[PDB]
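**Q** Coordinates in model.cif, mmCIF, C-alpha atoms, are listed below.
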data_query
loop_
_atom_site.label_atom_id
_atom_site.label_comp_id
_atom_site.auth_asym_id
_atom_site.auth_seq_id
_atom_site.Cartn_x
_atom_site.Cartn_y
_atom_site.Cartn_z
CA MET A 1 7.29 -39.18 -37.92
CA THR A 2 8.73 -41.08 -40.89
CA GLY A 3 9.55 -44.73 -40.32
CA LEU A 4 9.10 -48.27 -41.58
CA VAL A 5 5.99 -50.38 -41.18
CA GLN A 6 4.91 -53.85 -42.24
CA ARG A 7 1.94 -54.43 -44.48
CA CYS A 8 0.82 -57.37 -46.53
CA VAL A 9 -0.33 -57.81 -50.10
CA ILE A 10 -1.24 -60.57 -52.52
CA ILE A 11 -0.18 -60.46 -56.15
CA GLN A 12 -2.29 -62.24 -58.72
CA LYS A 13 -0.19 -63.49 -61.62
CA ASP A 14 -1.36 -62.56 -65.07
CA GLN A 15 -0.03 -63.41 -68.54
CA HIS A 16 2.78 -60.88 -68.09
CA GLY A 17 4.02 -62.32 -64.78
CA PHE A 18 3.89 -60.56 -61.44
CA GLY A 19 5.08 -57.32 -62.87
CA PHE A 20 7.93 -56.53 -60.61
CA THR A 21 11.66 -56.73 -60.33
CA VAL A 22 13.39 -57.77 -57.18
CA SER A 23 16.98 -57.34 -56.22
CA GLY A 24 19.53 -58.27 -53.64
CA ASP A 25 19.28 -60.86 -50.89
CA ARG A 26 19.41 -60.51 -47.11
CA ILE A 27 17.37 -58.60 -47.83
CA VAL A 28 15.40 -58.31 -51.09
CA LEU A 29 14.23 -54.96 -52.43
CA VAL A 30 11.55 -54.18 -54.98
CA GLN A 31 13.69 -52.37 -57.50
CA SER A 32 10.93 -51.57 -59.98
CA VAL A 33 7.20 -52.11 -60.61
CA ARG A 34 5.70 -52.63 -64.08
CA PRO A 35 3.10 -49.98 -65.11
CA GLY A 36 -0.36 -51.53 -65.32
CA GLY A 37 1.12 -54.68 -63.80
CA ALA A 38 -0.24 -57.11 -61.23
CA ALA A 39 2.23 -55.97 -58.56
CA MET A 40 1.30 -52.31 -59.21
CA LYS A 41 -2.35 -53.37 -58.93
CA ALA A 42 -1.83 -55.12 -55.57
CA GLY A 43 -0.08 -52.12 -53.98
CA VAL A 44 3.60 -53.04 -54.36
CA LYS A 45 5.91 -49.98 -54.23
CA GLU A 46 9.39 -49.39 -55.62
CA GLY A 47 11.78 -49.61 -52.69
CA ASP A 48 9.61 -51.91 -50.61
CA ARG A 49 11.52 -54.59 -48.75
CA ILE A 50 10.26 -58.21 -48.90
CA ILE A 51 10.06 -59.74 -45.42
CA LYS A 52 7.89 -62.81 -46.09
CA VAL A 53 6.88 -64.91 -49.12
CA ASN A 54 3.84 -67.20 -48.77
CA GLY A 55 4.25 -67.02 -44.99
CA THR A 56 7.97 -67.95 -45.09
CA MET A 57 10.35 -65.25 -43.82
CA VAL A 58 13.09 -64.61 -46.35
CA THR A 59 15.04 -62.03 -44.37
CA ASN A 60 18.02 -64.37 -44.30
CA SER A 61 17.53 -66.45 -47.44
CA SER A 62 19.34 -66.07 -50.78
CA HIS A 63 18.12 -64.28 -53.93
CA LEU A 64 17.51 -67.43 -55.91
CA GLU A 65 15.54 -69.09 -53.10
CA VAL A 66 13.34 -65.98 -52.85
CA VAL A 67 12.69 -66.08 -56.59
CA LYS A 68 11.82 -69.76 -56.10
CA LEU A 69 9.20 -69.12 -53.40
CA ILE A 70 7.74 -66.22 -55.40
CA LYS A 71 7.44 -68.27 -58.58
CA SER A 72 5.93 -71.33 -56.84
CA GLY A 73 2.26 -70.36 -57.52
CA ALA A 74 -0.44 -68.51 -59.47
CA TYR A 75 -0.42 -65.89 -56.73
CA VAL A 76 2.05 -64.73 -54.09
CA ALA A 77 1.46 -63.54 -50.54
CA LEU A 78 4.14 -61.05 -49.56
CA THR A 79 4.89 -59.26 -46.32
CA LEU A 80 6.55 -55.93 -47.03
CA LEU A 81 8.49 -53.28 -45.10
CA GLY A 82 7.78 -49.75 -46.34
CA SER A 83 7.87 -46.02 -45.60
CA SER A 84 5.15 -44.62 -43.37
CA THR A 85 4.39 -41.17 -42.03
CA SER A 86 3.06 -40.17 -38.64
CA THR A 87 1.41 -36.81 -38.35
CA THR A 88 0.20 -35.15 -35.24
CA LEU A 89 -2.91 -33.02 -35.51
CA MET B 1 -3.59 -58.35 -26.13
CA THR B 2 -6.70 -57.47 -28.15
CA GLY B 3 -6.98 -55.09 -31.04
CA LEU B 4 -7.32 -54.63 -34.72
CA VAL B 5 -5.24 -56.01 -37.61
CA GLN B 6 -5.12 -55.67 -41.40
CA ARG B 7 -4.48 -59.07 -43.00
CA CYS B 8 -4.48 -60.98 -46.28
CA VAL B 9 -6.03 -64.35 -47.07
CA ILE B 10 -6.47 -66.61 -50.04
CA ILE B 11 -9.59 -68.74 -50.18
CA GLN B 12 -9.84 -71.61 -52.61
CA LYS B 13 -13.36 -72.60 -53.69
CA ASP B 14 -14.60 -75.77 -52.00
CA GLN B 15 -17.17 -78.28 -53.23
CA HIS B 16 -19.51 -75.86 -51.45
CA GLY B 17 -17.95 -72.61 -52.65
CA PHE B 18 -15.99 -70.29 -50.35
CA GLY B 19 -17.80 -71.06 -47.10
CA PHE B 20 -18.77 -67.64 -45.76
CA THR B 21 -21.54 -65.04 -45.89
CA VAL B 22 -21.14 -61.34 -46.64
CA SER B 23 -23.63 -58.65 -45.61
CA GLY B 24 -24.17 -54.93 -46.14
CA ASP B 25 -21.69 -52.70 -47.96
CA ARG B 26 -19.37 -49.75 -47.29
CA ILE B 27 -17.86 -51.56 -45.63
CA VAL B 28 -18.88 -55.15 -46.43
CA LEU B 29 -18.50 -57.49 -43.46
CA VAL B 30 -18.20 -61.25 -42.90
CA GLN B 31 -21.51 -62.18 -41.25
CA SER B 32 -20.65 -65.84 -40.75
CA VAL B 33 -18.30 -68.64 -41.76
CA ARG B 34 -19.37 -72.25 -42.39
CA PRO B 35 -17.58 -74.71 -40.01
CA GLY B 36 -15.02 -76.90 -41.78
CA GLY B 37 -15.40 -74.69 -44.84
CA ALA B 38 -12.75 -73.19 -47.09
CA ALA B 39 -12.99 -69.72 -45.52
CA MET B 40 -12.79 -71.03 -41.97
CA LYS B 41 -9.71 -73.12 -42.75
CA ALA B 42 -8.12 -70.12 -44.55
CA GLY B 43 -8.41 -68.07 -41.33
CA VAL B 44 -11.54 -66.01 -42.06
CA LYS B 45 -13.41 -64.90 -38.92
CA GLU B 46 -16.96 -63.66 -38.43
CA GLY B 47 -16.78 -59.89 -37.95
CA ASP B 48 -13.94 -59.20 -40.39
CA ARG B 49 -14.32 -56.28 -42.80
CA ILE B 50 -13.46 -56.73 -46.47
CA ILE B 51 -11.11 -53.95 -47.63
CA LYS B 52 -9.92 -55.45 -50.94
CA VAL B 53 -11.01 -58.26 -53.28
CA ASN B 54 -8.48 -59.56 -55.81
CA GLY B 55 -6.51 -56.30 -55.53
CA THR B 56 -9.56 -54.00 -55.91
CA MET B 57 -10.47 -51.49 -53.17
CA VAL B 58 -14.06 -52.36 -52.31
CA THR B 59 -14.58 -50.11 -49.31
CA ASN B 60 -16.66 -47.89 -51.58
CA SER B 61 -18.28 -50.60 -53.68
CA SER B 62 -21.90 -51.78 -53.67
CA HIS B 63 -22.85 -55.17 -52.18
CA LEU B 64 -23.35 -56.64 -55.65
CA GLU B 65 -20.02 -55.38 -57.03
CA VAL B 66 -18.25 -57.07 -54.11
CA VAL B 67 -20.11 -60.38 -54.53
CA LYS B 68 -19.32 -60.32 -58.26
CA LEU B 69 -15.64 -59.65 -57.61
CA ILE B 70 -15.49 -62.44 -55.02
CA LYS B 71 -17.16 -65.03 -57.26
CA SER B 72 -15.03 -64.11 -60.29
CA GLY B 73 -12.31 -66.73 -59.70
CA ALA B 74 -11.57 -70.23 -58.38
CA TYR B 75 -9.69 -68.55 -55.58
CA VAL B 76 -10.19 -65.09 -54.08
CA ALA B 77 -7.62 -62.74 -52.54
CA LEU B 78 -9.00 -60.79 -49.57
CA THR B 79 -7.56 -57.88 -47.70
CA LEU B 80 -9.41 -58.03 -44.39
CA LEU B 81 -9.67 -55.81 -41.33
CA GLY B 82 -10.45 -57.81 -38.20
CA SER B 83 -10.00 -58.16 -34.49
CA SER B 84 -7.21 -60.27 -33.09
CA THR B 85 -6.10 -61.45 -29.70
CA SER B 86 -2.41 -61.77 -28.99
CA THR B 87 -0.28 -62.96 -26.11
CA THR B 88 3.42 -62.59 -25.56
CA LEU B 89 4.84 -65.61 -23.86
#
Any chance you could put this one into structure tokens?
**A**
Amino acid sequence: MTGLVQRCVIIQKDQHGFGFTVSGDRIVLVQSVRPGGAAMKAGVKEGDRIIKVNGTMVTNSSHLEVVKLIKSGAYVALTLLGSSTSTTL
Amino acid sequence: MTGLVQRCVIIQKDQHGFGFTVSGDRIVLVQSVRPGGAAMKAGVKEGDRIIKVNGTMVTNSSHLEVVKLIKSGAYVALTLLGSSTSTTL
């Protein structure tokens, strides 16, 4: 009924960055999302878990490496693990 | 084996633009993809439905709004709904 599902989003960088704050490693969480920010605009949620960056799985990489992959471009493709509800009708 | 998948793609504009044709609206679909084109190489298949363009939900947008959004940048970020075949080996 409540569980965790994978979804993907792309963040387009603006002048204020990606607009999110990541934390940890193995594995990385989205700790916070900037109001009116690119990440907020792309569908990134506080508490999402980052599974892939630009295709590359980061489930077992370090924090700094993850920040590296994220920063590498004008946009970032992320694969995220997030809460999802199942309702029977 | 065969079913439906939500998926994200970046397309970078070629010498000949994006390399695909969009028809209708609500929901806009990919009518065709030029062989060897940007869109083909980026993974875009004929039959896909366009859910988002550069972070904007376009499922309720008019054909012209979606074309505008797509042409707005050098690259475009698409959230696509399409069919997919899979095989566990």
**Q** Write out as a ChimeraX atom specification which residues come within 8 Å of stretch 3-14 of chain B when counting only C-alpha atoms, dropping same-chain ones fewer than 4 positions away.
**A** /A:7-10,77 /B:18-19,37-39,42-44,74-85
**Q** Which is closer to chain B than all the others in A:41, A:63, A:68, A:49, using all atoms listed in the file?
**A**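 Using all atoms listed in the file, the shortest distance to chain B belongs to A:41.
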**Q** Is it possible to see chain B as a PDB file with C-alpha atoms, in the frame of the given file, once it has been laid onto chain A by a least-squares fit on every C-alpha atom in order?
**A**
ATOM      1  CA  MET B   1       4.958 -38.492 -40.361  1.00  0.00           C
ATOM      2  CA  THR B   2       7.608 -40.652 -42.047  1.00  0.00           C
ATOM      3  CA  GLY B   3       8.978 -43.950 -40.890  1.00  0.00           C
ATOM      4  CA  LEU B   4       9.054 -47.650 -41.308  1.00  0.00           C
ATOM      5  CA  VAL B   5       6.223 -50.212 -41.382  1.00  0.00           C
ATOM      6  CA  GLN B   6       5.861 -53.995 -41.602  1.00  0.00           C
ATOM      7  CA  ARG B   7       2.982 -54.902 -43.929  1.00  0.00           C
ATOM      8  CA  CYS B   8       1.327 -57.748 -45.819  1.00  0.00           C
ATOM      9  CA  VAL B   9       0.223 -57.870 -49.445  1.00  0.00           C
ATOM     10  CA  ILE B  10      -1.286 -60.345 -51.837  1.00  0.00           C
ATOM     11  CA  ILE B  11      -0.323 -60.075 -55.483  1.00  0.00           C
ATOM     12  CA  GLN B  12      -2.298 -61.900 -58.124  1.00  0.00           C
ATOM     13  CA  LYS B  13      -0.422 -62.775 -61.325  1.00  0.00           C
ATOM     14  CA  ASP B  14      -1.310 -60.503 -64.240  1.00  0.00           C
ATOM     15  CA  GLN B  15      -1.148 -61.227 -67.964  1.00  0.00           C
ATOM     16  CA  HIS B  16       2.405 -59.957 -67.452  1.00  0.00           C
ATOM     17  CA  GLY B  17       3.167 -61.763 -64.197  1.00  0.00           C
ATOM     18  CA  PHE B  18       3.481 -59.954 -60.859  1.00  0.00           C
ATOM     19  CA  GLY B  19       4.771 -56.620 -62.146  1.00  0.00           C
ATOM     20  CA  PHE B  20       7.878 -55.974 -60.058  1.00  0.00           C
ATOM     21  CA  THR B  21      11.624 -56.613 -59.973  1.00  0.00           C
ATOM     22  CA  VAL B  22      13.609 -58.068 -57.082  1.00  0.00           C
ATOM     23  CA  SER B  23      17.352 -57.586 -56.578  1.00  0.00           C
ATOM     24  CA  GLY B  24      20.086 -58.831 -54.258  1.00  0.00           C
ATOM     25  CA  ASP B  25      19.417 -61.045 -51.243  1.00  0.00           C
ATOM     26  CA  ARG B  26      19.655 -60.956 -47.439  1.00  0.00           C
ATOM     27  CA  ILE B  27      17.566 -58.972 -47.545  1.00  0.00           C
ATOM     28  CA  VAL B  28      15.919 -59.061 -50.987  1.00  0.00           C
ATOM     29  CA  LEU B  29      14.510 -55.692 -52.038  1.00  0.00           C
ATOM     30  CA  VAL B  30      11.934 -54.410 -54.541  1.00  0.00           C
ATOM     31  CA  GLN B  31      14.045 -52.618 -57.164  1.00  0.00           C
ATOM     32  CA  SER B  32      11.104 -51.414 -59.234  1.00  0.00           C
ATOM     33  CA  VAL B  33       7.398 -51.854 -59.908  1.00  0.00           C
ATOM     34  CA  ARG B  34       5.798 -51.772 -63.373  1.00  0.00           C
ATOM     35  CA  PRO B  35       3.172 -48.955 -63.672  1.00  0.00           C
ATOM     36  CA  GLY B  36      -0.398 -50.260 -63.867  1.00  0.00           C
ATOM     37  CA  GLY B  37       0.916 -53.692 -62.926  1.00  0.00           C
ATOM     38  CA  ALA B  38      -0.407 -56.185 -60.402  1.00  0.00           C
ATOM     39  CA  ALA B  39       2.212 -55.321 -57.765  1.00  0.00           C
ATOM     40  CA  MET B  40       1.677 -51.583 -58.087  1.00  0.00           C
ATOM     41  CA  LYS B  41      -2.092 -51.935 -57.723  1.00  0.00           C
ATOM     42  CA  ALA B  42      -1.592 -54.281 -54.721  1.00  0.00           C
ATOM     43  CA  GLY B  43       0.364 -51.522 -52.927  1.00  0.00           C
ATOM     44  CA  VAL B  44       3.956 -52.645 -53.565  1.00  0.00           C
ATOM     45  CA  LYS B  45       6.487 -49.785 -53.516  1.00  0.00           C
ATOM     46  CA  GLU B  46      10.026 -49.554 -54.860  1.00  0.00           C
ATOM     47  CA  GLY B  47      12.381 -49.816 -51.883  1.00  0.00           C
ATOM     48  CA  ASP B  48      10.368 -52.338 -49.861  1.00  0.00           C
ATOM     49  CA  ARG B  49      12.223 -55.270 -48.300  1.00  0.00           C
ATOM     50  CA  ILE B  50      10.810 -58.781 -48.602  1.00  0.00           C
ATOM     51  CA  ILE B  51      10.678 -60.454 -45.170  1.00  0.00           C
ATOM     52  CA  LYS B  52       8.387 -63.407 -45.978  1.00  0.00           C
ATOM     53  CA  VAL B  53       7.096 -65.158 -49.113  1.00  0.00           C
ATOM     54  CA  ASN B  54       4.023 -67.381 -48.780  1.00  0.00           C
ATOM     55  CA  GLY B  55       4.674 -67.736 -45.034  1.00  0.00           C
ATOM     56  CA  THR B  56       8.406 -68.563 -45.391  1.00  0.00           C
ATOM     57  CA  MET B  57      11.063 -66.366 -43.734  1.00  0.00           C
ATOM     58  CA  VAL B  58      13.321 -65.361 -46.611  1.00  0.00           C
ATOM     59  CA  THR B  59      15.550 -62.857 -44.852  1.00  0.00           C
ATOM     60  CA  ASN B  60      18.254 -65.520 -44.906  1.00  0.00           C
ATOM     61  CA  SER B  61      17.459 -67.056 -48.280  1.00  0.00           C
ATOM     62  CA  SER B  62      19.429 -66.825 -51.530  1.00  0.00           C
ATOM     63  CA  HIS B  63      18.155 -64.706 -54.446  1.00  0.00           C
ATOM     64  CA  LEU B  64      17.136 -67.825 -56.366  1.00  0.00           C
ATOM     65  CA  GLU B  65      15.258 -69.416 -53.446  1.00  0.00           C
ATOM     66  CA  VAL B  66      13.213 -66.219 -53.110  1.00  0.00           C
ATOM     67  CA  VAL B  67      12.429 -65.991 -56.841  1.00  0.00           C
ATOM     68  CA  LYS B  68      11.389 -69.660 -56.820  1.00  0.00           C
ATOM     69  CA  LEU B  69       9.131 -69.145 -53.812  1.00  0.00           C
ATOM     70  CA  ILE B  70       7.556 -66.061 -55.401  1.00  0.00           C
ATOM     71  CA  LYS B  71       6.857 -67.758 -58.740  1.00  0.00           C
ATOM     72  CA  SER B  72       5.451 -70.904 -57.100  1.00  0.00           C
ATOM     73  CA  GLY B  73       1.789 -69.810 -57.166  1.00  0.00           C
ATOM     74  CA  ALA B  74      -0.852 -67.833 -59.077  1.00  0.00           C
ATOM     75  CA  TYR B  75      -0.825 -65.409 -56.193  1.00  0.00           C
ATOM     76  CA  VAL B  76       1.975 -64.612 -53.744  1.00  0.00           C
ATOM     77  CA  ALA B  77       1.750 -63.553 -50.093  1.00  0.00           C
ATOM     78  CA  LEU B  78       4.431 -61.022 -49.125  1.00  0.00           C
ATOM     79  CA  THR B  79       5.462 -59.751 -45.755  1.00  0.00           C
ATOM     80  CA  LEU B  80       7.188 -56.479 -46.601  1.00  0.00           C
ATOM     81  CA  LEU B  81       9.210 -53.910 -44.684  1.00  0.00           C
ATOM     82  CA  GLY B  82       8.915 -50.452 -46.222  1.00  0.00           C
ATOM     83  CA  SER B  83       8.831 -46.744 -45.646  1.00  0.00           C
ATOM     84  CA  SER B  84       5.550 -44.954 -45.171  1.00  0.00           C
ATOM     85  CA  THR B  85       4.392 -41.397 -44.822  1.00  0.00           C
ATOM     86  CA  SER B  86       1.496 -40.630 -42.532  1.00  0.00           C
ATOM     87  CA  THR B  87      -0.504 -37.569 -41.595  1.00  0.00           C
ATOM     88  CA  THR B  88      -2.984 -37.093 -38.810  1.00  0.00           C
ATOM     89  CA  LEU B  89      -5.780 -34.835 -39.865  1.00  0.00           C
TER      90      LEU B  89
END
**Q** Which residue gives the smallest distance to chain A among B:67, B:89, B:57, B:1, with all atoms listed in the file counted?
**A**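 Closest candidate: B:57.
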**Q** Nearest residue to residue B:20 out of B:59, B:87, B:70, B:65, using only C-alpha atoms?
**A**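 Closest residue, counting only C-alpha atoms: B:70.
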**Q** What is the atom CA of residue A:29-atom CA of residue A:47 distance in Å, reported with one decimal?
**A** 5.9 Å
**Q** Output as lines of an AutoDock Vina configuration file the centre and edge lengths (Å, one decimal) of the box along x, y and z of the file that holds every listed atom of stretch 50-68 of chain B after adding 3 Å on each side.
**A**
center_x = -14.9
center_y = -54.1
center_z = -52.4
size_x = 22.8
size_y = 18.5
size_z = 17.8
**Q** Using atom CA of residue B:66 and atom CA of residue B:53 as the two end points, give the distance in Å to one decimal.
**A**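 Here the two named atoms are 7.4 Å from each other.
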**Q** Between atom CA of residue A:35 and atom CA of residue B:28, what is the distance, to one decimal in Å?
**A** 29.3 Å
**Q** Please identify all polymer residues within 9 Å of residue A:61, counting all atoms listed in the file, omitting same-chain residues fewer than 5 positions from it, and present them as a ChimeraX atom specification.
**A** /A:25-27,66
**Q** Pick from B:73, B:36, B:24, B:55: nearest to chain A, with all atoms listed in the file counted?
**A** B:55
**Q** Which residue out of A:2, A:58, A:50, A:40 has the minimum interatomic distance to chain B when all atoms listed in the file are used?
**A**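 The answer is A:40, which sits nearest to chain B.
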**Q** Hey, could you patch up stretch 47-59 of chain A with N, CA, C and O atoms and hand it over as a CSV table (one decimal), keeping the file's coordinate frame?
**A**
chain,number,residue,atom,x,y,z
A,47,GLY,N,11.0,-49.9,-53.9
A,47,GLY,CA,11.8,-49.6,-52.7
A,47,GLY,C,11.2,-50.3,-51.5
A,47,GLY,O,11.8,-50.3,-50.4
A,48,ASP,N,10.1,-51.0,-51.7
A,48,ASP,CA,9.6,-51.9,-50.6
A,48,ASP,C,10.6,-53.0,-50.4
A,48,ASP,O,11.4,-53.4,-51.3
A,49,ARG,N,10.7,-53.5,-49.1
A,49,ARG,CA,11.5,-54.6,-48.8
A,49,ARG,C,10.7,-55.8,-48.5
A,49,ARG,O,9.7,-55.8,-47.7
A,50,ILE,N,11.0,-57.0,-49.1
A,50,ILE,CA,10.3,-58.2,-48.9
A,50,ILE,C,10.7,-59.0,-47.7
A,50,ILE,O,11.8,-59.6,-47.7
A,51,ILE,N,9.8,-59.1,-46.7
A,51,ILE,CA,10.1,-59.7,-45.4
A,51,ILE,C,9.6,-61.2,-45.4
A,51,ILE,O,10.3,-62.1,-44.9
A,52,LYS,N,8.4,-61.4,-46.0
A,52,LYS,CA,7.9,-62.8,-46.1
A,52,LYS,C,7.3,-63.1,-47.5
A,52,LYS,O,6.7,-62.3,-48.1
A,53,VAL,N,7.5,-64.4,-47.9
A,53,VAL,CA,6.9,-64.9,-49.1
A,53,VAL,C,6.0,-66.2,-48.8
A,53,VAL,O,6.6,-67.2,-48.4
A,54,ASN,N,4.7,-66.1,-49.0
A,54,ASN,CA,3.8,-67.2,-48.8
A,54,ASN,C,4.0,-67.7,-47.3
A,54,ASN,O,3.9,-68.9,-47.0
A,55,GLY,N,4.1,-66.7,-46.4
A,55,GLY,CA,4.2,-67.0,-45.0
A,55,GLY,C,5.7,-67.1,-44.6
A,55,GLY,O,6.1,-66.6,-43.5
A,56,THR,N,6.6,-67.7,-45.4
A,56,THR,CA,8.0,-68.0,-45.1
A,56,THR,C,8.9,-66.7,-45.1
A,56,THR,O,9.0,-66.1,-46.1
A,57,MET,N,9.4,-66.4,-43.9
A,57,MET,CA,10.4,-65.2,-43.8
A,57,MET,C,11.6,-65.5,-44.7
A,57,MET,O,12.2,-66.5,-44.6
A,58,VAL,N,12.0,-64.5,-45.4
A,58,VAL,CA,13.1,-64.6,-46.4
A,58,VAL,C,14.2,-63.6,-46.0
A,58,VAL,O,15.1,-63.4,-46.8
A,59,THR,N,14.1,-63.0,-44.8
A,59,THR,CA,15.0,-62.0,-44.4
A,59,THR,C,16.5,-62.5,-44.5
A,59,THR,O,17.4,-61.7,-44.7
